[PDB]
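Data from my_file35.cif: mmCIF, C-alpha atoms
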data_model
#
loop_
_atom_site.label_atom_id
_atom_site.label_comp_id
_atom_site.auth_asym_id
_atom_site.auth_seq_id
_atom_site.Cartn_x
_atom_site.Cartn_y
_atom_site.Cartn_z
CA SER A 1 143.09 -14.41 39.42
CA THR A 2 143.18 -10.74 40.38
CA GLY A 3 141.42 -8.35 42.74
CA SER A 4 140.98 -4.59 42.79
CA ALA A 5 139.50 -2.52 45.60
CA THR A 6 139.17 1.19 46.34
CA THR A 7 140.68 2.44 49.58
CA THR A 8 139.30 5.61 51.16
CA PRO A 9 140.72 8.03 53.77
CA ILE A 10 138.83 7.82 57.09
CA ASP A 11 139.00 11.57 57.64
CA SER A 12 140.20 14.87 56.17
CA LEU A 13 143.80 14.30 57.33
CA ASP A 14 144.30 10.85 55.75
CA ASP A 15 144.89 9.43 59.26
CA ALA A 16 144.21 5.97 57.82
CA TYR A 17 142.53 4.30 54.83
CA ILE A 18 139.68 1.80 54.82
CA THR A 19 138.96 -0.80 52.18
CA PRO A 20 135.71 -2.83 51.96
CA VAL A 21 136.15 -6.57 52.55
CA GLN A 22 133.53 -9.28 52.13
CA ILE A 23 133.53 -11.91 54.90
CA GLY A 24 131.34 -15.00 55.10
CA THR A 25 128.24 -16.34 53.35
CA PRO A 26 126.11 -14.34 52.72
CA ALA A 27 128.71 -11.64 52.54
CA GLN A 28 129.24 -9.37 55.51
CA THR A 29 131.07 -6.25 54.34
CA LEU A 30 133.47 -4.68 56.80
CA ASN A 31 135.76 -1.72 56.20
CA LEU A 32 139.27 -2.80 57.12
CA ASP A 33 142.57 -0.98 57.53
CA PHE A 34 145.00 -2.69 55.13
CA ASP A 35 148.26 -2.83 57.06
CA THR A 36 151.53 -3.85 55.39
CA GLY A 37 153.15 -3.58 58.86
CA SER A 38 151.22 -6.45 60.51
CA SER A 39 149.95 -9.88 59.60
CA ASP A 40 146.63 -10.45 61.37
CA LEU A 41 143.19 -10.11 59.77
CA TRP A 42 141.04 -9.20 62.76
CA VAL A 43 137.54 -7.79 63.04
CA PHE A 44 135.05 -6.27 65.41
CA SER A 45 132.53 -9.03 65.92
CA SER A 46 129.52 -10.32 67.77
CA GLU A 47 132.01 -11.52 70.38
CA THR A 48 133.55 -8.10 71.09
CA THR A 49 132.88 -6.80 74.61
CA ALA A 50 129.79 -4.65 74.09
CA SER A 51 131.20 -1.65 76.00
CA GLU A 52 134.13 -1.63 73.52
CA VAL A 53 131.98 -1.37 70.38
CA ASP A 54 130.90 2.15 69.26
CA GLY A 55 129.58 2.42 65.73
CA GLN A 56 131.72 -0.21 64.01
CA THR A 57 130.25 -2.81 61.73
CA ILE A 58 130.69 -6.25 63.28
CA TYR A 59 131.27 -9.73 61.87
CA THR A 60 128.77 -12.30 63.17
CA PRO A 61 130.17 -15.76 62.44
CA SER A 62 126.92 -17.48 63.51
CA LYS A 63 125.21 -15.83 60.51
CA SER A 64 127.80 -17.18 58.07
CA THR A 65 127.20 -20.64 56.61
CA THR A 66 130.89 -20.96 55.73
CA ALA A 67 132.31 -19.88 59.12
CA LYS A 68 134.04 -22.55 61.20
CA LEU A 69 135.59 -22.06 64.64
CA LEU A 70 139.32 -22.70 64.55
CA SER A 71 139.23 -24.78 67.68
CA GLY A 72 141.64 -23.77 70.40
CA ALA A 73 143.15 -20.83 68.50
CA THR A 74 143.60 -17.42 70.11
CA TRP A 75 145.31 -14.21 69.08
CA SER A 76 146.62 -11.10 70.77
CA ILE A 77 148.42 -8.19 69.19
CA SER A 78 149.93 -4.85 70.21
CA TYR A 79 150.78 -2.16 67.69
CA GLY A 80 153.53 0.46 67.67
CA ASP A 81 151.04 3.16 68.67
CA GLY A 82 150.26 1.28 71.89
CA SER A 83 146.86 0.00 70.77
CA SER A 84 145.91 -3.67 71.08
CA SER A 85 143.25 -6.31 70.50
CA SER A 86 142.71 -10.03 71.17
CA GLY A 87 140.24 -12.85 70.70
CA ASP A 88 139.58 -16.20 69.07
CA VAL A 89 139.58 -17.37 65.46
CA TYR A 90 137.29 -18.56 62.70
CA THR A 91 138.02 -19.62 59.17
CA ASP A 92 135.71 -18.18 56.54
CA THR A 93 135.51 -16.99 52.95
CA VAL A 94 137.07 -13.57 52.45
CA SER A 95 136.93 -11.50 49.27
CA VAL A 96 138.71 -8.28 48.36
CA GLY A 97 137.75 -6.50 45.16
CA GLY A 98 136.61 -9.71 43.43
CA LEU A 99 139.48 -11.91 44.70
CA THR A 100 138.28 -14.72 46.96
CA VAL A 101 140.16 -16.77 49.55
CA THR A 102 138.46 -19.75 51.13
CA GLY A 103 139.55 -20.87 54.60
CA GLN A 104 140.99 -17.51 55.57
CA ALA A 105 141.71 -17.04 59.26
CA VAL A 106 139.35 -14.34 60.50
CA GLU A 107 140.43 -13.27 63.96
CA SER A 108 137.41 -12.30 66.02
CA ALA A 109 138.01 -9.62 68.66
CA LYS A 110 136.79 -10.25 72.19
CA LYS A 111 138.73 -7.21 73.42
CA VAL A 112 139.97 -4.03 71.73
CA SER A 113 141.79 -1.05 73.24
CA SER A 114 140.18 2.38 73.49
CA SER A 115 141.88 3.69 70.35
CA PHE A 116 139.93 1.18 68.29
CA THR A 117 136.62 1.71 70.07
CA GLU A 118 136.96 5.45 69.55
CA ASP A 119 137.47 5.09 65.81
CA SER A 120 134.01 4.34 64.42
CA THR A 121 135.28 4.13 60.82
CA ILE A 122 137.63 1.11 61.16
CA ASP A 123 135.99 -2.32 61.54
CA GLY A 124 139.27 -4.18 61.81
CA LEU A 125 142.68 -4.71 60.22
CA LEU A 126 143.86 -6.79 57.27
CA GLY A 127 147.55 -7.53 57.64
CA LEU A 128 149.79 -7.66 54.58
CA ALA A 129 153.23 -8.11 56.14
CA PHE A 130 154.81 -11.57 56.19
CA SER A 131 152.90 -14.39 57.83
CA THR A 132 155.77 -15.00 60.25
CA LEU A 133 154.38 -12.08 62.28
CA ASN A 134 150.90 -13.56 62.57
CA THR A 135 149.95 -13.85 66.25
CA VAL A 136 147.55 -16.80 66.14
CA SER A 137 148.44 -19.47 68.69
CA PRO A 138 149.14 -22.37 68.83
CA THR A 139 148.95 -22.61 65.03
CA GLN A 140 150.17 -19.51 63.23
CA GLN A 141 147.97 -18.44 60.33
CA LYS A 142 148.64 -17.05 56.85
CA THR A 143 147.73 -13.58 55.59
CA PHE A 144 145.11 -13.01 52.92
CA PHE A 145 147.88 -12.29 50.42
CA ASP A 146 149.81 -15.40 51.38
CA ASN A 147 146.69 -17.54 50.91
CA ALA A 148 145.83 -15.87 47.59
CA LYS A 149 149.36 -15.88 46.16
CA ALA A 150 149.53 -19.13 44.20
CA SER A 151 146.23 -18.29 42.50
CA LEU A 152 147.22 -14.77 41.51
CA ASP A 153 148.25 -14.01 37.93
CA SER A 154 151.41 -12.54 39.47
CA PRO A 155 152.37 -12.85 43.17
CA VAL A 156 152.08 -9.14 43.91
CA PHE A 157 149.84 -6.52 45.36
CA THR A 158 150.09 -2.77 44.85
CA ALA A 159 149.22 0.21 47.03
CA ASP A 160 148.12 3.43 45.36
CA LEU A 161 147.07 5.69 48.23
CA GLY A 162 145.45 9.03 47.53
CA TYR A 163 146.19 12.43 49.01
CA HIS A 164 142.91 13.61 50.49
CA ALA A 165 141.29 11.27 47.96
CA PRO A 166 140.49 7.60 47.34
CA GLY A 167 143.06 5.20 45.91
CA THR A 168 143.45 1.56 45.07
CA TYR A 169 144.77 -1.76 46.30
CA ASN A 170 145.34 -4.26 43.49
CA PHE A 171 146.15 -7.95 43.84
CA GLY A 172 147.79 -10.05 41.19
CA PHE A 173 148.65 -7.42 38.60
CA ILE A 174 150.42 -4.14 38.02
CA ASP A 175 148.23 -1.40 36.49
CA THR A 176 150.62 0.27 34.08
CA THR A 177 148.21 3.20 33.68
CA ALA A 178 148.42 4.10 37.39
CA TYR A 179 151.93 5.60 37.46
CA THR A 180 154.30 7.78 35.46
CA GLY A 181 157.77 6.80 34.29
CA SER A 182 159.15 3.44 35.37
CA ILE A 183 158.95 1.40 38.58
CA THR A 184 162.26 1.13 40.45
CA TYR A 185 162.59 -2.10 42.38
CA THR A 186 164.67 -2.42 45.53
CA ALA A 187 165.68 -5.35 47.76
CA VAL A 188 163.60 -6.49 50.72
CA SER A 189 164.67 -8.12 53.96
CA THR A 190 162.01 -10.34 55.51
CA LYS A 191 164.11 -11.14 58.60
CA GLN A 192 161.89 -9.03 60.92
CA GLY A 193 158.69 -10.02 59.09
CA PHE A 194 158.26 -6.59 57.48
CA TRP A 195 158.58 -5.15 54.00
CA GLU A 196 161.98 -3.82 55.04
CA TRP A 197 164.16 -1.97 52.55
CA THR A 198 166.94 0.61 52.33
CA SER A 199 166.36 4.08 50.95
CA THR A 200 169.36 5.63 49.23
CA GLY A 201 168.95 9.10 50.75
CA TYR A 202 166.91 12.28 50.90
CA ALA A 203 166.56 15.93 49.94
CA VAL A 204 164.68 18.79 51.59
CA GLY A 205 162.82 21.06 49.19
CA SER A 206 165.04 22.17 46.32
CA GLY A 207 168.13 21.21 48.31
CA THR A 208 170.87 18.88 47.21
CA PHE A 209 170.37 15.17 47.61
CA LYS A 210 172.17 13.52 50.51
CA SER A 211 173.29 9.99 49.70
CA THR A 212 172.86 7.91 52.83
CA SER A 213 171.37 4.50 53.57
CA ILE A 214 168.12 4.61 55.53
CA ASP A 215 166.75 1.21 56.56
CA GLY A 216 162.98 1.25 57.03
CA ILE A 217 159.66 -0.51 56.47
CA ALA A 218 156.93 0.22 53.98
CA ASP A 219 153.91 0.41 56.26
CA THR A 220 150.45 1.36 55.00
CA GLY A 221 149.12 1.06 58.54
CA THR A 222 151.24 3.94 59.87
CA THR A 223 150.03 7.50 59.16
CA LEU A 224 153.29 9.44 59.19
CA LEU A 225 156.88 9.26 57.95
CA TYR A 226 159.29 8.37 60.78
CA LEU A 227 162.96 8.90 60.00
CA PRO A 228 166.25 9.35 61.89
CA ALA A 229 166.46 12.45 64.07
CA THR A 230 169.25 13.94 61.93
CA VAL A 231 167.07 13.78 58.79
CA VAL A 232 163.98 15.09 60.53
CA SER A 233 165.91 18.00 62.09
CA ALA A 234 167.29 18.93 58.65
CA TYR A 235 163.74 19.00 57.25
CA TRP A 236 162.12 21.11 59.95
CA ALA A 237 165.04 23.56 60.08
CA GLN A 238 163.73 24.77 56.70
CA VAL A 239 160.34 25.76 58.21
CA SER A 240 160.26 29.09 60.04
CA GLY A 241 159.07 28.64 63.60
CA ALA A 242 159.06 24.84 63.56
CA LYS A 243 160.09 23.12 66.76
CA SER A 244 160.03 19.78 68.50
CA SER A 245 157.46 19.93 71.28
CA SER A 246 157.74 17.46 74.12
CA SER A 247 154.26 18.43 75.33
CA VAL A 248 152.66 17.67 71.97
CA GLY A 249 154.90 14.71 71.15
CA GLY A 250 156.79 15.76 68.05
CA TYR A 251 157.54 18.49 65.56
CA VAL A 252 154.97 21.25 65.20
CA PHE A 253 154.98 24.24 62.92
CA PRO A 254 153.08 27.49 62.48
CA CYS A 255 149.94 26.81 60.49
CA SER A 256 150.83 29.94 58.45
CA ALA A 257 153.92 28.16 57.03
CA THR A 258 154.48 26.85 53.53
CA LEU A 259 156.09 23.43 53.85
CA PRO A 260 158.94 22.29 51.59
CA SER A 261 158.78 18.99 49.77
CA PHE A 262 160.73 15.97 50.95
CA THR A 263 162.46 13.64 48.52
CA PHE A 264 163.50 10.06 49.31
CA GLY A 265 165.71 7.79 47.25
CA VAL A 266 164.80 4.43 45.79
CA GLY A 267 167.94 3.13 44.15
CA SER A 268 168.89 5.79 41.61
CA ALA A 269 165.26 7.02 41.47
CA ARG A 270 163.56 9.71 43.54
CA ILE A 271 160.11 10.04 45.08
CA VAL A 272 158.96 13.56 45.89
CA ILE A 273 156.53 14.09 48.76
CA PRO A 274 154.87 17.49 48.21
CA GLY A 275 154.94 19.84 51.18
CA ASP A 276 151.15 19.76 51.56
CA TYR A 277 151.32 16.01 52.32
CA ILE A 278 153.37 16.80 55.43
CA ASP A 279 150.66 19.06 56.98
CA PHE A 280 148.48 17.24 59.55
CA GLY A 281 146.66 20.32 60.71
CA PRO A 282 146.06 22.05 64.03
CA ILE A 283 147.26 20.12 67.09
CA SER A 284 143.83 20.85 68.60
CA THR A 285 140.74 22.49 67.10
CA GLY A 286 141.34 26.20 66.51
CA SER A 287 145.07 26.09 67.24
CA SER A 288 147.56 27.90 65.04
CA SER A 289 150.16 25.24 65.82
CA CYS A 290 150.09 22.43 63.23
CA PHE A 291 151.38 18.88 63.54
CA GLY A 292 154.13 17.73 61.20
CA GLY A 293 153.91 14.66 58.97
CA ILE A 294 157.61 13.87 59.24
CA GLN A 295 158.67 12.82 62.71
CA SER A 296 161.66 11.24 64.44
CA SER A 297 161.90 7.46 64.65
CA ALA A 298 164.23 7.72 67.66
CA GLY A 299 162.78 5.46 70.32
CA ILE A 300 160.63 3.52 67.84
CA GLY A 301 163.60 1.35 66.96
CA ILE A 302 162.84 1.36 63.25
CA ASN A 303 162.29 3.87 60.47
CA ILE A 304 158.77 3.79 59.01
CA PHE A 305 157.79 4.81 55.51
CA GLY A 306 154.14 5.33 56.42
CA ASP A 307 151.29 6.80 54.40
CA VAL A 308 152.87 10.27 54.11
CA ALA A 309 155.61 8.66 52.01
CA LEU A 310 153.71 5.87 50.31
CA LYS A 311 150.84 8.07 49.06
CA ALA A 312 153.37 10.01 46.98
CA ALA A 313 154.09 6.81 45.00
CA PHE A 314 152.68 3.79 43.25
CA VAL A 315 154.09 0.95 45.37
CA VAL A 316 154.55 -2.67 44.34
CA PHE A 317 154.76 -5.30 47.06
CA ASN A 318 156.35 -8.17 45.16
CA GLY A 319 155.90 -11.47 46.98
CA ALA A 320 157.92 -13.61 44.57
CA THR A 321 160.26 -16.20 46.12
CA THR A 322 162.72 -13.35 46.56
CA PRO A 323 160.48 -10.47 47.62
CA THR A 324 161.14 -6.93 46.44
CA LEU A 325 159.53 -3.48 46.63
CA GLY A 326 158.87 -1.20 43.67
CA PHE A 327 158.25 2.55 43.67
CA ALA A 328 157.05 4.76 40.83
CA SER A 329 156.02 8.39 40.73
CA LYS A 330 152.42 9.06 39.78
#
Encoded form (structure tokens):
Amino acid sequence: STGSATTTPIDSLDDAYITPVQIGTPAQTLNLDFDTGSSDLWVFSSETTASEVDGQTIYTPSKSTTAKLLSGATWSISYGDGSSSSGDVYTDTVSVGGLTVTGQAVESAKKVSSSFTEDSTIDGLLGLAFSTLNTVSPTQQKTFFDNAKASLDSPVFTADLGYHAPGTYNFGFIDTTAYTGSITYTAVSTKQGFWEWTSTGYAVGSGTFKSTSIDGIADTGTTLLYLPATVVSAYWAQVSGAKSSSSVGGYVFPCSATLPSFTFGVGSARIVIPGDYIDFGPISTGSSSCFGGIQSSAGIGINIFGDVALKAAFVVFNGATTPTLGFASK
């Protein structure tokens, strides 16, 4: 089997991407944030504290003939941005772009943090990291991908995120028309539950490539590119007027600037992030100070190849017995 779904930026900055997901019978379609950095499929629901729901579409398990309470199961998760959610669990039928999983754990939110309430466009998350990170207790649950895997034509999914435009998540096949050149595959460590890999280095603009190992995770659920402070300093030093602002919480730059590209290494191959991708606009409406799309990972504890990086590539998440990651230009 295969599946193919369009993923759409939630706003003009590509702060996140939403993908329609069918849950239950008859289908209830919710727009979920596909997150290769977590492993819970959770939704706004009829159980969510009413004061914490503001415009989201909710899952109502009582209206689904295929929903079954997973008795005794609870979940609770906190994300790197400080947001969180928690609740109980149902199993139900879940379909993504024509690909159907029966008995999928659907984690129903009773509580969500303000960040989620305030974002009317995201109805929940669909985790695509390794199932070892799933937070359901006392019986850990599998991700959608994990459940689908054995049925897929090939045990893979691909992320093809657009710049200020829709893109695609495919399951079970590699669309050879969706990228240019060849796909370069690189080793993955699953020891922390993430799609963790090692970049072979970087360049700033037309500068020379610096060969250096950068361990990080491929994370579709993170907006920006978070890299070591040395790397990030070298990038922003090429932008006149750019500075790290403690008050704003990262590197800012004059909105009148032209940003250089940023290149990262995948094995012997190179992915080029155009400068425009690194512009996240005024820090507040009307400001001439703009927020940078490359930021320091110092104090996160891990480097994160978030959407800024991934949207410059066609990315293969290969879930074969020995998982790997593939990157192609596009």
Checklist line | Spatial neighbours of region 228-232 of chain A, 7 Å, all atoms listed in the file, chain gap at least 2 places, as number ranges by chain | finding: A: 234-236, 294-298, 303
Margin query: Can you translate the PyMOL selection byres ((chain A and resi 34) around 8) into the concrete residues it hits in this file, as number ranges by chain?
Written below: A: 17-19, 32-33, 35-36, 125-128, 220-221
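The nearest approach to residue 222 (chain A) among the residues A:167, A:293, A:87, A:323, with only C-alpha atoms taken into account, belongs to A:293.
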Next item on the list: For residue 135 (chain A), list every protein, DNA or RNA residue within 8 Å, evaluated using all atoms listed in the file, and leave out those in the same chain fewer than 6 positions away; present the list as a list in words.
Entry: residues 39, 40, 75, 76, 77 and 141 of chain A
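The shortest atom-to-atom distance to residue 41 (chain A), with all atoms listed in the file taken into account, belongs to A:136 out of A:161, A:242, A:136, A:312.
Note that CA of residue 137 (chain A) and CA of residue 69 (chain A) are 13.7 Å apart.
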Item checked: Hits from the PyMOL selection byres ((chain A and resi 254-263) around 6), listed as a ChimeraX atom specification -> /A:202-205,253,264,271-275,288-290
Keeping only C-alpha atoms, write the selected residues as a PDB file, in the coordinates of the input.
ATOM      1  CA  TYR A 202     166.910  12.280  50.900  1.00  0.00           C
ATOM      2  CA  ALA A 203     166.560  15.930  49.940  1.00  0.00           C
ATOM      3  CA  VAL A 204     164.680  18.790  51.590  1.00  0.00           C
ATOM      4  CA  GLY A 205     162.820  21.060  49.190  1.00  0.00           C
ATOM      5  CA  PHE A 253     154.980  24.240  62.920  1.00  0.00           C
ATOM      6  CA  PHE A 264     163.500  10.060  49.310  1.00  0.00           C
ATOM      7  CA  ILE A 271     160.110  10.040  45.080  1.00  0.00           C
ATOM      8  CA  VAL A 272     158.960  13.560  45.890  1.00  0.00           C
ATOM      9  CA  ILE A 273     156.530  14.090  48.760  1.00  0.00           C
ATOM     10  CA  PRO A 274     154.870  17.490  48.210  1.00  0.00           C
ATOM     11  CA  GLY A 275     154.940  19.840  51.180  1.00  0.00           C
ATOM     12  CA  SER A 288     147.560  27.900  65.040  1.00  0.00           C
ATOM     13  CA  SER A 289     150.160  25.240  65.820  1.00  0.00           C
ATOM     14  CA  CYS A 290     150.090  22.430  63.230  1.00  0.00           C
TER      15      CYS A 290
END
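The residues caught by the PyMOL selection byres ((chain A and resi 95) around 6) in this file are residues 21, 22, 94, 96, 99 and 100 of chain A.
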Item checked: Residue nearest residue 326 (chain A) - candidates A:98, A:267, A:301, A:306, atoms counted: only C-alpha atoms -> A:267
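Pairwise distance (CA of residue 71 (chain A), CA of residue 114 (chain A)) equals 27.8 Å.
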Reconstructed N, CA and C atoms for region 208-224 of chain A, given as a PDB file, in the coordinates of the input:
ATOM      1  N   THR A 208     170.111  19.947  47.826  1.00  0.00           N
ATOM      2  CA  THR A 208     170.870  18.880  47.210  1.00  0.00           C
ATOM      3  C   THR A 208     170.565  17.564  47.894  1.00  0.00           C
ATOM      4  N   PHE A 209     170.644  16.500  47.114  1.00  0.00           N
ATOM      5  CA  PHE A 209     170.370  15.170  47.610  1.00  0.00           C
ATOM      6  C   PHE A 209     171.537  14.653  48.427  1.00  0.00           C
ATOM      7  N   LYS A 210     171.205  14.134  49.603  1.00  0.00           N
ATOM      8  CA  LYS A 210     172.170  13.520  50.510  1.00  0.00           C
ATOM      9  C   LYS A 210     172.119  12.005  50.333  1.00  0.00           C
ATOM     10  N   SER A 211     173.205  11.429  49.840  1.00  0.00           N
ATOM     11  CA  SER A 211     173.290   9.990  49.700  1.00  0.00           C
ATOM     12  C   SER A 211     173.623   9.366  51.045  1.00  0.00           C
ATOM     13  N   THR A 212     172.706   8.543  51.537  1.00  0.00           N
ATOM     14  CA  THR A 212     172.860   7.910  52.830  1.00  0.00           C
ATOM     15  C   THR A 212     171.838   6.814  52.935  1.00  0.00           C
ATOM     16  N   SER A 213     172.258   5.661  53.450  1.00  0.00           N
ATOM     17  CA  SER A 213     171.370   4.500  53.570  1.00  0.00           C
ATOM     18  C   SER A 213     170.431   4.655  54.749  1.00  0.00           C
ATOM     19  N   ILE A 214     169.136   4.542  54.481  1.00  0.00           N
ATOM     20  CA  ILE A 214     168.120   4.610  55.530  1.00  0.00           C
ATOM     21  C   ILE A 214     167.293   3.326  55.474  1.00  0.00           C
ATOM     22  N   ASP A 215     167.527   2.442  56.436  1.00  0.00           N
ATOM     23  CA  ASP A 215     166.750   1.210  56.560  1.00  0.00           C
ATOM     24  C   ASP A 215     165.368   1.531  57.128  1.00  0.00           C
ATOM     25  N   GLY A 216     164.309   1.005  56.519  1.00  0.00           N
ATOM     26  CA  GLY A 216     162.980   1.250  57.030  1.00  0.00           C
ATOM     27  C   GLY A 216     161.951   0.283  56.467  1.00  0.00           C
ATOM     28  N   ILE A 217     160.716   0.371  56.952  1.00  0.00           N
ATOM     29  CA  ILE A 217     159.660  -0.510  56.470  1.00  0.00           C
ATOM     30  C   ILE A 217     158.592   0.289  55.725  1.00  0.00           C
ATOM     31  N   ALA A 218     158.048  -0.339  54.699  1.00  0.00           N
ATOM     32  CA  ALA A 218     156.930   0.220  53.980  1.00  0.00           C
ATOM     33  C   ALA A 218     155.674  -0.207  54.694  1.00  0.00           C
ATOM     34  N   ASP A 219     154.993   0.743  55.332  1.00  0.00           N
ATOM     35  CA  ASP A 219     153.910   0.410  56.260  1.00  0.00           C
ATOM     36  C   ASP A 219     152.649   1.243  56.012  1.00  0.00           C
ATOM     37  N   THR A 220     151.683   0.640  55.326  1.00  0.00           N
ATOM     38  CA  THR A 220     150.450   1.360  55.000  1.00  0.00           C
ATOM     39  C   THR A 220     149.595   1.624  56.228  1.00  0.00           C
ATOM     40  N   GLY A 221     149.864   0.905  57.314  1.00  0.00           N
ATOM     41  CA  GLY A 221     149.120   1.060  58.540  1.00  0.00           C
ATOM     42  C   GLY A 221     149.638   2.131  59.496  1.00  0.00           C
ATOM     43  N   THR A 222     150.710   2.819  59.102  1.00  0.00           N
ATOM     44  CA  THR A 222     151.240   3.940  59.870  1.00  0.00           C
ATOM     45  C   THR A 222     150.960   5.235  59.094  1.00  0.00           C
ATOM     46  N   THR A 223     150.435   6.239  59.797  1.00  0.00           N
ATOM     47  CA  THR A 223     150.030   7.500  59.160  1.00  0.00           C
ATOM     48  C   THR A 223     151.217   8.295  58.618  1.00  0.00           C
ATOM     49  N   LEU A 224     152.225   8.477  59.465  1.00  0.00           N
ATOM     50  CA  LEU A 224     153.290   9.440  59.190  1.00  0.00           C
ATOM     51  C   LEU A 224     154.580   8.807  58.689  1.00  0.00           C
TER      52      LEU A 224
END
